[PDB]
């Protein structure tokens, strides 16, 4: 909402920088696994600088400043930067307690920051705005976005909800809340064409996407949200004697992709990343084929409703 001129960006990097200072303290004993906030933030500044030089060398600092996605973006960075600053300040020594709510928030902000990097890289590839040129991966999902939002690259949660409701009935405010949590990756109360793309790749097919999303991310014991490759394997160890035990996760380095971990007949733990097939189909097929039987070790897979 505040123009994105250099004056306004640097106030944003100061705060970002501030977050790096707080986080680079080795006392934190930050676990070395993605998302690596200390890599993400600088990487984020590097891309913001790359952008500025594209619109300086082209003398279009004007447009950039008045681009709505970009204005929202850097305002978001400020918001989250200030939020983490506040987290260390109010959190005090909780920030050195791994199993602390405040440290969970830190992990959540790091996730958010990582998503914002993937998003900005996607709509400003090589430093140039391509938001209006972002081709969505799933055809039926692409049809929806362009029909209701044309070439817009970002749109408020309120309107994304109202428009989605026209094609996919959103039963109540509570379901909306939950759906927002899933799709609003960057946690800025807007839905970007990138976020939509990720969401629709994950919960395809479009035609029953809320049903799919409910089955997969709301009611499914197997759904681990974001976890590392190692956390999935470690969490499955205890079911080694139970072939067909499985969980699935999102990857923060490969947004829009799923990873399934399961226990083989000979007690081994493998991982698989679906490429051609959508997760929803992969799970159902695999349950019938005898590989995906016990989600997070539970006795039965969930019903489809």
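Numbering follows the first chain given and starts at 1.
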For the C-alpha atoms alone, is the average B factor greater in 61-69 or in 243-251, going by the entry? 61-69
Of the two stretches 86-94 and 111-119, which shows the higher Cα B-factor on average in the entry? 86-94
Highest CA temperature factor in the entry: which of 267, 256, 42, 261? 267
Note to self: of 137, 76, 101, 171, the C-alpha temperature factor tops out at 101
Among all modelled residues of this chain, ranked by Cα B factor, put residue 166 in the bottom, middle or top third, i.e. lowest, middle or highest. highest
Residue 126: which third of its chain by C-alpha temperature factor? highest
Ranking the modelled residues of this chain by C-alpha B-factor as given in the entry, is residue 15 in the lowest, middle or highest third? middle
Which third, lowest, middle or highest, does the CA B-factor of residue 22 fall in along this chain? middle
If you rank the chain by CA B-factor, which third does residue 181 end up in: lowest, middle or highest? lowest
